[PDB]
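Okay, query-v9.cif is below, mmCIF, N, CA and C atoms:
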```cif
data_target
loop_
_atom_site.label_atom_id
_atom_site.label_comp_id
_atom_site.auth_asym_id
_atom_site.auth_seq_id
_atom_site.Cartn_x
_atom_site.Cartn_y
_atom_site.Cartn_z
N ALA H 155 5.72 11.18 40.80
CA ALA H 155 4.32 11.68 40.87
C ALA H 155 3.61 11.51 39.52
N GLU H 156 2.62 10.63 39.49
CA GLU H 156 1.86 10.37 38.27
C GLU H 156 0.53 11.11 38.29
N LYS H 157 -0.05 11.32 37.11
CA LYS H 157 -1.33 12.01 37.00
C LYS H 157 -2.49 11.09 37.37
N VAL H 158 -3.51 11.66 38.00
CA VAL H 158 -4.68 10.89 38.41
C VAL H 158 -5.97 11.54 37.92
N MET H 159 -6.78 10.78 37.20
CA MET H 159 -8.04 11.30 36.66
C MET H 159 -9.20 10.35 36.95
N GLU H 160 -10.41 10.90 37.00
CA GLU H 160 -11.60 10.10 37.27
C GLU H 160 -12.41 9.89 36.00
N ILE H 161 -13.03 8.72 35.88
CA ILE H 161 -13.83 8.39 34.71
C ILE H 161 -15.24 7.96 35.13
N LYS H 162 -16.26 8.73 34.73
CA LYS H 162 -17.64 8.39 35.07
C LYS H 162 -18.27 7.51 34.01
N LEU H 163 -18.90 6.43 34.46
CA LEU H 163 -19.58 5.52 33.56
C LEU H 163 -21.04 5.44 33.95
N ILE H 164 -21.93 5.63 32.98
CA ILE H 164 -23.35 5.60 33.26
C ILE H 164 -23.95 4.25 32.92
N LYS H 165 -24.77 3.74 33.84
CA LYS H 165 -25.42 2.45 33.67
C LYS H 165 -26.64 2.56 32.76
N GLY H 166 -26.42 3.06 31.55
CA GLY H 166 -27.51 3.20 30.61
C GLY H 166 -28.08 1.86 30.17
N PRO H 167 -28.72 1.78 28.99
CA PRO H 167 -29.30 0.52 28.50
C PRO H 167 -28.23 -0.51 28.16
N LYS H 168 -27.01 -0.05 27.89
CA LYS H 168 -25.91 -0.94 27.54
C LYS H 168 -25.06 -1.30 28.77
N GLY H 169 -25.36 -0.71 29.93
CA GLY H 169 -24.60 -1.00 31.12
C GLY H 169 -23.44 -0.04 31.32
N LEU H 170 -22.26 -0.58 31.57
CA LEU H 170 -21.08 0.24 31.78
C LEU H 170 -20.75 1.05 30.53
N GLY H 171 -20.97 0.45 29.36
CA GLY H 171 -20.70 1.14 28.11
C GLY H 171 -19.28 0.92 27.61
N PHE H 172 -18.69 -0.21 27.98
CA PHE H 172 -17.33 -0.54 27.55
C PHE H 172 -16.93 -1.94 28.00
N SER H 173 -15.64 -2.24 27.87
CA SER H 173 -15.11 -3.54 28.26
C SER H 173 -13.83 -3.39 29.06
N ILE H 174 -13.49 -4.42 29.82
CA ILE H 174 -12.28 -4.40 30.64
C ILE H 174 -11.39 -5.60 30.33
N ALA H 175 -10.12 -5.49 30.69
CA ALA H 175 -9.17 -6.56 30.48
C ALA H 175 -8.51 -6.91 31.80
N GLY H 176 -8.35 -8.20 32.08
CA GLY H 176 -7.75 -8.60 33.34
C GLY H 176 -6.38 -9.19 33.19
N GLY H 177 -5.46 -8.67 33.99
CA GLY H 177 -4.10 -9.15 33.95
C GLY H 177 -3.85 -10.39 34.80
N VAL H 178 -4.71 -10.62 35.79
CA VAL H 178 -4.55 -11.78 36.67
C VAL H 178 -5.28 -13.02 36.16
N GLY H 179 -4.53 -14.08 35.89
CA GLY H 179 -5.11 -15.33 35.43
C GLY H 179 -5.40 -15.33 33.94
N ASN H 180 -6.19 -14.37 33.51
CA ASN H 180 -6.55 -14.24 32.10
C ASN H 180 -5.88 -13.00 31.53
N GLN H 181 -4.57 -12.93 31.72
CA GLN H 181 -3.77 -11.80 31.27
C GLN H 181 -4.09 -11.35 29.85
N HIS H 182 -4.58 -10.12 29.76
CA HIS H 182 -4.90 -9.51 28.49
C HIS H 182 -3.81 -8.49 28.13
N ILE H 183 -3.16 -7.94 29.15
CA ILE H 183 -2.11 -6.95 28.95
C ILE H 183 -0.73 -7.63 29.00
N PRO H 184 0.09 -7.49 27.93
CA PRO H 184 1.42 -8.11 27.89
C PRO H 184 2.36 -7.55 28.95
N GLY H 185 2.24 -8.05 30.17
CA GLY H 185 3.09 -7.60 31.26
C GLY H 185 2.38 -6.70 32.24
N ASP H 186 1.27 -7.19 32.80
CA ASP H 186 0.50 -6.42 33.77
C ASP H 186 -0.61 -7.27 34.37
N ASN H 187 -0.69 -7.28 35.70
CA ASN H 187 -1.71 -8.05 36.40
C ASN H 187 -2.81 -7.12 36.92
N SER H 188 -3.02 -6.01 36.22
CA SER H 188 -4.04 -5.04 36.61
C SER H 188 -5.19 -5.03 35.61
N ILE H 189 -5.99 -3.96 35.60
CA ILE H 189 -7.11 -3.86 34.68
C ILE H 189 -6.85 -2.79 33.62
N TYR H 190 -7.18 -3.12 32.38
CA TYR H 190 -7.02 -2.21 31.26
C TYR H 190 -8.26 -2.25 30.39
N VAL H 191 -8.53 -1.17 29.68
CA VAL H 191 -9.69 -1.11 28.82
C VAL H 191 -9.41 -1.81 27.49
N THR H 192 -10.42 -2.52 26.97
CA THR H 192 -10.25 -3.25 25.71
C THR H 192 -11.28 -2.85 24.65
N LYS H 193 -12.43 -2.32 25.07
CA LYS H 193 -13.46 -1.93 24.11
C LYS H 193 -14.38 -0.85 24.69
N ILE H 194 -14.72 0.13 23.86
CA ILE H 194 -15.59 1.22 24.27
C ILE H 194 -16.82 1.29 23.38
N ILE H 195 -17.99 1.45 23.99
CA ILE H 195 -19.23 1.54 23.23
C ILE H 195 -19.40 2.96 22.70
N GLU H 196 -19.55 3.07 21.38
CA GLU H 196 -19.70 4.37 20.70
C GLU H 196 -20.58 5.35 21.47
N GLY H 197 -19.94 6.17 22.30
CA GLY H 197 -20.65 7.16 23.08
C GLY H 197 -21.77 6.57 23.93
N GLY H 198 -21.63 5.29 24.28
CA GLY H 198 -22.64 4.64 25.09
C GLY H 198 -22.74 5.24 26.48
N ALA H 199 -21.70 5.02 27.29
CA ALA H 199 -21.66 5.55 28.64
C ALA H 199 -20.22 5.85 29.05
N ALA H 200 -19.38 4.82 29.02
CA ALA H 200 -17.98 4.97 29.38
C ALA H 200 -17.28 5.89 28.39
N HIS H 201 -17.56 5.69 27.11
CA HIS H 201 -16.96 6.50 26.06
C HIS H 201 -17.42 7.96 26.14
N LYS H 202 -18.73 8.17 26.11
CA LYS H 202 -19.28 9.52 26.16
C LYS H 202 -19.08 10.16 27.54
N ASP H 203 -19.51 9.46 28.59
CA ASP H 203 -19.38 9.98 29.95
C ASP H 203 -17.95 9.90 30.47
N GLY H 204 -17.34 8.72 30.34
CA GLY H 204 -15.99 8.52 30.84
C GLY H 204 -14.91 9.09 29.94
N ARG H 205 -15.16 9.11 28.63
CA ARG H 205 -14.17 9.63 27.69
C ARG H 205 -12.90 8.78 27.75
N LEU H 206 -13.08 7.49 28.02
CA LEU H 206 -11.96 6.56 28.11
C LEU H 206 -11.84 5.73 26.84
N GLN H 207 -10.61 5.50 26.41
CA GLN H 207 -10.36 4.71 25.20
C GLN H 207 -9.46 3.52 25.50
N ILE H 208 -9.38 2.59 24.55
CA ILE H 208 -8.55 1.40 24.72
C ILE H 208 -7.09 1.79 24.97
N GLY H 209 -6.60 1.44 26.15
CA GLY H 209 -5.23 1.77 26.51
C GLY H 209 -5.11 2.30 27.93
N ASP H 210 -6.24 2.73 28.50
CA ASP H 210 -6.25 3.27 29.86
C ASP H 210 -6.24 2.14 30.89
N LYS H 211 -5.63 2.41 32.04
CA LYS H 211 -5.56 1.42 33.11
C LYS H 211 -6.40 1.87 34.31
N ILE H 212 -7.26 0.99 34.79
CA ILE H 212 -8.13 1.30 35.92
C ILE H 212 -7.46 0.91 37.24
N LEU H 213 -7.30 1.89 38.13
CA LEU H 213 -6.67 1.64 39.43
C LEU H 213 -7.70 1.54 40.56
N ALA H 214 -9.00 1.64 40.24
CA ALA H 214 -10.08 1.56 41.24
C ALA H 214 -11.38 2.08 40.67
N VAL H 215 -12.49 1.63 41.24
CA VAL H 215 -13.81 2.08 40.81
C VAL H 215 -14.64 2.46 42.02
N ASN H 216 -15.05 3.73 42.09
CA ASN H 216 -15.83 4.23 43.22
C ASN H 216 -15.06 4.02 44.52
N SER H 217 -15.19 2.83 45.11
CA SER H 217 -14.48 2.47 46.33
C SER H 217 -14.01 1.01 46.28
N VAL H 218 -14.05 0.41 45.08
CA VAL H 218 -13.64 -0.97 44.90
C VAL H 218 -12.32 -1.07 44.13
N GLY H 219 -11.47 -2.00 44.54
CA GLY H 219 -10.19 -2.18 43.89
C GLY H 219 -10.19 -3.36 42.93
N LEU H 220 -10.45 -3.08 41.66
CA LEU H 220 -10.46 -4.11 40.63
C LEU H 220 -9.17 -4.03 39.83
N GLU H 221 -8.08 -3.90 40.57
CA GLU H 221 -6.75 -3.78 39.96
C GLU H 221 -5.76 -4.74 40.60
N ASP H 222 -6.28 -5.83 41.14
CA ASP H 222 -5.45 -6.86 41.76
C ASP H 222 -6.18 -8.20 41.72
N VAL H 223 -6.95 -8.40 40.66
CA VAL H 223 -7.72 -9.62 40.48
C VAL H 223 -7.94 -9.88 38.98
N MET H 224 -8.38 -11.09 38.64
CA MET H 224 -8.61 -11.44 37.25
C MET H 224 -9.68 -10.58 36.60
N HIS H 225 -9.78 -10.72 35.29
CA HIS H 225 -10.75 -10.00 34.49
C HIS H 225 -12.18 -10.27 34.98
N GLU H 226 -12.45 -11.50 35.41
CA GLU H 226 -13.79 -11.89 35.87
C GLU H 226 -14.22 -11.14 37.13
N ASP H 227 -13.38 -11.18 38.15
CA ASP H 227 -13.69 -10.50 39.40
C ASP H 227 -13.82 -9.00 39.16
N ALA H 228 -13.00 -8.48 38.25
CA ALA H 228 -13.03 -7.07 37.91
C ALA H 228 -14.39 -6.70 37.35
N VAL H 229 -14.95 -7.61 36.54
CA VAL H 229 -16.27 -7.40 35.97
C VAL H 229 -17.28 -7.24 37.09
N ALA H 230 -17.13 -8.07 38.12
CA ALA H 230 -18.01 -8.02 39.27
C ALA H 230 -17.88 -6.67 39.97
N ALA H 231 -16.68 -6.11 39.93
CA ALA H 231 -16.43 -4.81 40.55
C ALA H 231 -17.24 -3.73 39.85
N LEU H 232 -17.29 -3.81 38.52
CA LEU H 232 -18.04 -2.84 37.72
C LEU H 232 -19.55 -3.06 37.83
N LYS H 233 -19.98 -4.30 37.66
CA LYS H 233 -21.41 -4.64 37.72
C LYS H 233 -22.00 -4.34 39.09
N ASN H 234 -21.20 -4.52 40.12
CA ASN H 234 -21.64 -4.27 41.49
C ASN H 234 -21.97 -2.79 41.72
N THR H 235 -21.45 -1.92 40.86
CA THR H 235 -21.69 -0.48 40.99
C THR H 235 -23.16 -0.13 40.75
N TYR H 236 -23.44 1.15 40.49
CA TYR H 236 -24.81 1.61 40.28
C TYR H 236 -24.91 2.47 39.01
N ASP H 237 -25.90 3.38 38.96
CA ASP H 237 -26.11 4.26 37.80
C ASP H 237 -24.79 4.82 37.27
N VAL H 238 -24.25 5.82 37.96
CA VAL H 238 -22.98 6.40 37.55
C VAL H 238 -21.86 5.89 38.44
N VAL H 239 -20.88 5.26 37.82
CA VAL H 239 -19.74 4.73 38.55
C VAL H 239 -18.45 5.39 38.08
N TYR H 240 -17.71 5.98 39.01
CA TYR H 240 -16.46 6.65 38.66
C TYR H 240 -15.27 5.72 38.85
N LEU H 241 -14.35 5.77 37.89
CA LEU H 241 -13.15 4.95 37.93
C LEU H 241 -11.92 5.84 38.07
N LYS H 242 -10.90 5.35 38.76
CA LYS H 242 -9.68 6.11 38.95
C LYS H 242 -8.55 5.52 38.11
N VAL H 243 -8.02 6.33 37.21
CA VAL H 243 -6.95 5.91 36.32
C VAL H 243 -5.78 6.89 36.36
N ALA H 244 -4.57 6.37 36.21
CA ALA H 244 -3.37 7.19 36.22
C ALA H 244 -2.54 6.95 34.96
N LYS H 245 -2.12 8.04 34.32
CA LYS H 245 -1.32 7.94 33.10
C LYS H 245 0.17 8.02 33.42
N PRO H 246 0.99 7.07 32.92
CA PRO H 246 2.43 7.07 33.17
C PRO H 246 3.18 8.07 32.30
N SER H 247 3.70 9.12 32.92
CA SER H 247 4.44 10.15 32.19
C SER H 247 5.94 9.89 32.25
N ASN H 248 6.56 9.75 31.08
CA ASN H 248 7.99 9.50 31.00
C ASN H 248 8.78 10.80 31.10
N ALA H 249 8.97 11.27 32.33
CA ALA H 249 9.71 12.51 32.57
C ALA H 249 9.06 13.69 31.84
#
```

Translate this structure into structure tokens?
Amino acid sequence: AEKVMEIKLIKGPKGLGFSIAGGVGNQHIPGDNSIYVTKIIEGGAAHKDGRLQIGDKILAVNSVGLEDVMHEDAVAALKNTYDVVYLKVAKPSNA
């Protein structure tokens, strides 16, 4: 049983307010074909609203699964969203 948390991102003037990494095709994570965060905008939207930092893994956004495709398609998953978009992330706890 892993922990599950939601991350809200506001579509402010900067957009999502962060960056994503794709494991499929354009593998950014050393050993993972999912999505991971790579950059956060200083309290832009994802950082301030989402409170997410480089190292978190996205397992879904709102109702879209951007955790089984390349970094590019994942971007489409985020951009396709609206004002506030919530992401679902789970932290791996070692016992």

Proximity to residue 200 in chain H - best of H:224, H:214, H:170, H:229, all atoms listed in the file: H:170

Return as a ChimeraX atom specification the set of residues that the PyMOL selection byres (((chain H and resi 163 and name CA) around 12) and name CA) yields on the displayed structure. /H:160-162,164-166,168-173,194-195,197-206,215-216,232-233,235-242

Might you pull out every residue within 12 Å of residue 221 in chain H, with only C-alpha atoms counted and same-chain residues fewer than 5 positions away left off, and present them as a VMD selection string? chain H and resid 174 to 178 186 to 191 211 to 215 226 to 229 231 to 232 241 to 243

Let's see if you can do this: from backbone DSSP, list all strand (DSSP E or B) residues in chain H, as a count of residues only. 37

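For the choices H:182, H:225, H:245, H:193, the atom-to-atom distance to residue 155 in chain H is smallest for H:245 when using only C-alpha atoms.
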
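As for CA of residue 249 in chain H and atom N of residue 156 in chain H, they are spaced 10.1 Å apart.
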
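Taking atom C of residue 210 in chain H as the reference point, atom N of residue 180 in chain H is found at 16.7 Å.
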
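With CA of residue 244 in chain H on one side and atom C of residue 209 in chain H on the other, the separation reads 9.8 Å.
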
Give, as AutoDock Vina command-line options, the centre coordinates and the x, y and z edge lengths in Å to one decimal for an axis-aligned box around all listed atoms of range 178-188 of chain H, padded by 8 Å on each side.
```
--center_x -1.7 --center_y -10.2 --center_z 32.4 --size_x 25.6 --size_y 26.3 --size_z 25.0
```

Missing atoms in range 212-235 of chain H: can you complete it with N, CA, C and O atoms, as an mmCIF file, keeping the file's coordinate frame?
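Output (part.cif):
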```cif
data_model
loop_
_atom_site.group_PDB
_atom_site.id
_atom_site.type_symbol
_atom_site.label_atom_id
_atom_site.label_comp_id
_atom_site.auth_asym_id
_atom_site.auth_seq_id
_atom_site.Cartn_x
_atom_site.Cartn_y
_atom_site.Cartn_z
ATOM 1 N N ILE H 212 -7.260 0.990 34.790
ATOM 2 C CA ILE H 212 -8.130 1.300 35.920
ATOM 3 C C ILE H 212 -7.460 0.910 37.240
ATOM 4 O O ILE H 212 -7.111 -0.248 37.453
ATOM 5 N N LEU H 213 -7.300 1.890 38.130
ATOM 6 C CA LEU H 213 -6.670 1.640 39.430
ATOM 7 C C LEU H 213 -7.700 1.540 40.560
ATOM 8 O O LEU H 213 -7.324 1.377 41.723
ATOM 9 N N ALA H 214 -9.000 1.640 40.240
ATOM 10 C CA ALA H 214 -10.080 1.560 41.240
ATOM 11 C C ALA H 214 -11.380 2.080 40.670
ATOM 12 O O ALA H 214 -11.385 2.904 39.751
ATOM 13 N N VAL H 215 -12.490 1.630 41.240
ATOM 14 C CA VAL H 215 -13.810 2.080 40.810
ATOM 15 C C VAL H 215 -14.640 2.460 42.020
ATOM 16 O O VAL H 215 -14.894 1.623 42.891
ATOM 17 N N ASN H 216 -15.050 3.730 42.090
ATOM 18 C CA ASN H 216 -15.830 4.230 43.220
ATOM 19 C C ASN H 216 -15.060 4.020 44.520
ATOM 20 O O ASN H 216 -14.321 4.898 44.969
ATOM 21 N N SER H 217 -15.190 2.830 45.110
ATOM 22 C CA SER H 217 -14.480 2.470 46.330
ATOM 23 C C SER H 217 -14.010 1.010 46.280
ATOM 24 O O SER H 217 -13.628 0.442 47.300
ATOM 25 N N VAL H 218 -14.050 0.410 45.080
ATOM 26 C CA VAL H 218 -13.640 -0.970 44.900
ATOM 27 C C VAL H 218 -12.320 -1.070 44.130
ATOM 28 O O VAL H 218 -12.088 -0.320 43.179
ATOM 29 N N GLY H 219 -11.470 -2.000 44.540
ATOM 30 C CA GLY H 219 -10.190 -2.180 43.890
ATOM 31 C C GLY H 219 -10.190 -3.360 42.930
ATOM 32 O O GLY H 219 -9.947 -4.498 43.333
ATOM 33 N N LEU H 220 -10.450 -3.080 41.660
ATOM 34 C CA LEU H 220 -10.460 -4.110 40.630
ATOM 35 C C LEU H 220 -9.170 -4.030 39.830
ATOM 36 O O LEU H 220 -9.163 -4.067 38.605
ATOM 37 N N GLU H 221 -8.080 -3.900 40.570
ATOM 38 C CA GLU H 221 -6.750 -3.780 39.960
ATOM 39 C C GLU H 221 -5.760 -4.740 40.600
ATOM 40 O O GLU H 221 -4.552 -4.516 40.575
ATOM 41 N N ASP H 222 -6.280 -5.830 41.140
ATOM 42 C CA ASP H 222 -5.450 -6.860 41.760
ATOM 43 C C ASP H 222 -6.180 -8.200 41.720
ATOM 44 O O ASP H 222 -6.052 -9.019 42.629
ATOM 45 N N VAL H 223 -6.950 -8.400 40.660
ATOM 46 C CA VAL H 223 -7.720 -9.620 40.480
ATOM 47 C C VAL H 223 -7.940 -9.880 38.980
ATOM 48 O O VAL H 223 -7.695 -9.009 38.156
ATOM 49 N N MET H 224 -8.380 -11.090 38.640
ATOM 50 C CA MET H 224 -8.610 -11.440 37.250
ATOM 51 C C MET H 224 -9.680 -10.580 36.600
ATOM 52 O O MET H 224 -10.391 -9.825 37.265
ATOM 53 N N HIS H 225 -9.780 -10.720 35.290
ATOM 54 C CA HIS H 225 -10.750 -10.000 34.490
ATOM 55 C C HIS H 225 -12.180 -10.270 34.980
ATOM 56 O O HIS H 225 -13.034 -9.383 34.940
ATOM 57 N N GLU H 226 -12.450 -11.500 35.410
ATOM 58 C CA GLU H 226 -13.790 -11.890 35.870
ATOM 59 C C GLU H 226 -14.220 -11.140 37.130
ATOM 60 O O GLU H 226 -15.295 -10.533 37.166
ATOM 61 N N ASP H 227 -13.380 -11.180 38.150
ATOM 62 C CA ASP H 227 -13.690 -10.500 39.400
ATOM 63 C C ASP H 227 -13.820 -9.000 39.160
ATOM 64 O O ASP H 227 -14.646 -8.328 39.777
ATOM 65 N N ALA H 228 -13.000 -8.480 38.250
ATOM 66 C CA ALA H 228 -13.030 -7.070 37.910
ATOM 67 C C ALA H 228 -14.390 -6.700 37.350
ATOM 68 O O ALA H 228 -14.945 -5.650 37.668
ATOM 69 N N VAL H 229 -14.950 -7.610 36.540
ATOM 70 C CA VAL H 229 -16.270 -7.400 35.970
ATOM 71 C C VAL H 229 -17.280 -7.240 37.090
ATOM 72 O O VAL H 229 -18.163 -6.380 37.039
ATOM 73 N N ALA H 230 -17.130 -8.070 38.120
ATOM 74 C CA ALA H 230 -18.010 -8.020 39.270
ATOM 75 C C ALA H 230 -17.880 -6.670 39.970
ATOM 76 O O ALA H 230 -18.856 -6.147 40.518
ATOM 77 N N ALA H 231 -16.680 -6.110 39.930
ATOM 78 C CA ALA H 231 -16.430 -4.810 40.550
ATOM 79 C C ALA H 231 -17.240 -3.730 39.850
ATOM 80 O O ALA H 231 -17.804 -2.843 40.491
ATOM 81 N N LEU H 232 -17.290 -3.810 38.520
ATOM 82 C CA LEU H 232 -18.040 -2.840 37.720
ATOM 83 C C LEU H 232 -19.550 -3.060 37.830
ATOM 84 O O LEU H 232 -20.308 -2.113 38.055
ATOM 85 N N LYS H 233 -19.980 -4.300 37.660
ATOM 86 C CA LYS H 233 -21.410 -4.640 37.720
ATOM 87 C C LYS H 233 -22.000 -4.340 39.090
ATOM 88 O O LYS H 233 -23.167 -3.951 39.199
ATOM 89 N N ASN H 234 -21.200 -4.520 40.120
ATOM 90 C CA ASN H 234 -21.640 -4.270 41.490
ATOM 91 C C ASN H 234 -21.970 -2.790 41.720
ATOM 92 O O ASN H 234 -22.685 -2.448 42.667
ATOM 93 N N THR H 235 -21.450 -1.920 40.860
ATOM 94 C CA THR H 235 -21.690 -0.480 40.990
ATOM 95 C C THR H 235 -23.160 -0.130 40.750
ATOM 96 O O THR H 235 -24.028 -1.000 40.825
#
```
